[PDB]
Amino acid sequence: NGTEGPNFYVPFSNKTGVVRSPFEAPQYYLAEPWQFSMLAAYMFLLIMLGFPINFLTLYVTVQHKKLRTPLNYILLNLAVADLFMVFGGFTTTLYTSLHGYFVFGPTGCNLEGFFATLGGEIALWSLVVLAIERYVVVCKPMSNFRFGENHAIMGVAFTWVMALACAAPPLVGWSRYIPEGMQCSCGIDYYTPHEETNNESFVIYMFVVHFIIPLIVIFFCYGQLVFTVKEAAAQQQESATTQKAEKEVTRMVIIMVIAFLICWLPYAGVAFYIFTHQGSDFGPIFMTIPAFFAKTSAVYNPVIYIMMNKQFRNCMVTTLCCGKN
C-alpha cells in the first residue's frame, strides 16, 4: 500500500515500478497534475488572504498607541506565528507543488517542517494563553492580582517554549519530519511506526500535551468565564448593557471554541485513527484533509481574534481608509 525510503513514505505501491523519491522527481502517479495545481491555488489563496490580514495587524499596532497594551501582546504573538505559517509553510508548498515534489530535499524538509510546525504550535498555544489570561482578569481566581506587562511577556515566552517542545524534538531523533500527503509539504511523521525515532511515544506525547491539555484548559477557562458573566448579568437584570455584554461574550466563546475544534479535531481525529489502526491504508488526498483545516486557521483565527475585536477593527479601518472613519 506504500513505498518506503530512508527519509520518506510515499502512500503509493511501487508494484508497477513507477514510484520515485519525493525529493527527486514529480509524484504525478500520486495525483494528477491538475490536483497539484489546485493545491498551489489553495496555497496562493492562503498567502494572499493570510499575509495581508496578519501583517496589517502588526502594522496598525505600530500606528495606534491604544493597541499596545499587555492584553494584546498575545494577539500580536498570534499574528507573528500565523506569518511563520505563511512564509515557512505556504510559500514553500506553493513553490514545490508547481514542481510536483519536494525540490528542497531532506534538509529543506526539516527547515520547512520545523518553521511550519513552530508557527502552528505558537498560534495554538497563544489561543490557550489568551483564554488563561482572560480567565484570570474576568473570573478573578486569585486575590490581589493585577495583570500587567511582565505577566503578558511570560505568557508569550510560555508559547514559544511549548512550541519548541513540539517542533524541536523531531530534528534530534524523537519522531521526524517527512513529506506528507502529496509530498509537497513536510510535517511531523505521526502515521508510520519508526522504531528508530520512537514515533509512537512522541505521537502520544503530542496528543496528550499538545491537544487534550489545550482543549481542557480552553474549555475550563472559557467555561468559568461564561459562568461568571452569566451570573453577574442574572444579578443585574436592570442593566440592558450588562445583558447585551453577556449575550455577546457568550457568542464569542462559542465561536472561539467551535473554531478551535474545527482546527485541531481532524488532525487529532486521524492521528488517533492511524495510531489505533496500524495495519491501515491512507491516501495522499486523505492525509491532506487534517492539514487543510489546521492551515486555514492562519486566515480565520485572525478574523475571529482580531478583525472581530472592536478595538483592532477600528484602528484597521482608519489606517486602511487613509485616516479618518
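For every residue, the number given is its place in the sequence shown, counted from 1. C-alpha atoms forming the largest set that superposes within 1.5 Å between two forms make up the rigid core.
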**Item:** Core-aligned Cα RMS comparison in 4 other deposited structures of this protein - stretch that moves more, 73-81 or 248-256
**Value:** 248-256
**Message:** Between 217-225 and 173-181, which one shows the bigger average Cα displacement from this form in 4 other deposited structures of this protein once the rigid core is aligned?
**Reply:** 217-225
**Message:** Going by the mean C-alpha B-factor recorded in the entry, which is higher: 259-267 or 277-285?
**Reply:** 277-285
**Message:** Test of understanding: from the entry's C-alpha B-factors, which stretch has the higher mean, 231-239 or 80-88?
**Reply:** 231-239
**Item:** Most elevated Cα B-factor in the entry, residues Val137, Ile218, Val253, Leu130
**Value:** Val137
**Fill in**
Scanning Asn144, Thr117, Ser126, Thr96 for peak Cα temperature factor in the entry gives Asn144
**Message:** How does the C-alpha B factor of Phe51 compare with the rest of the chain: lowest, middle or highest third?
**Reply:** lowest
**Asked** If you rank every modelled residue in this chain by C-alpha B factor, which third holds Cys315: lowest, middle or highest?
**Response** middle
**Message:** Could you place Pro106 in the lowest, middle or highest third of its chain by Cα temperature factor, using the values in the record?
**Reply:** middle
**Request:** Tell me, lowest, middle or highest third: where does the Cα B factor of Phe272 rank within its chain?
**Result:** highest
**Prompt:** Which third, lowest, middle or highest, does the CA B-factor of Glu112 fall in along this chain?
**Reply:** lowest
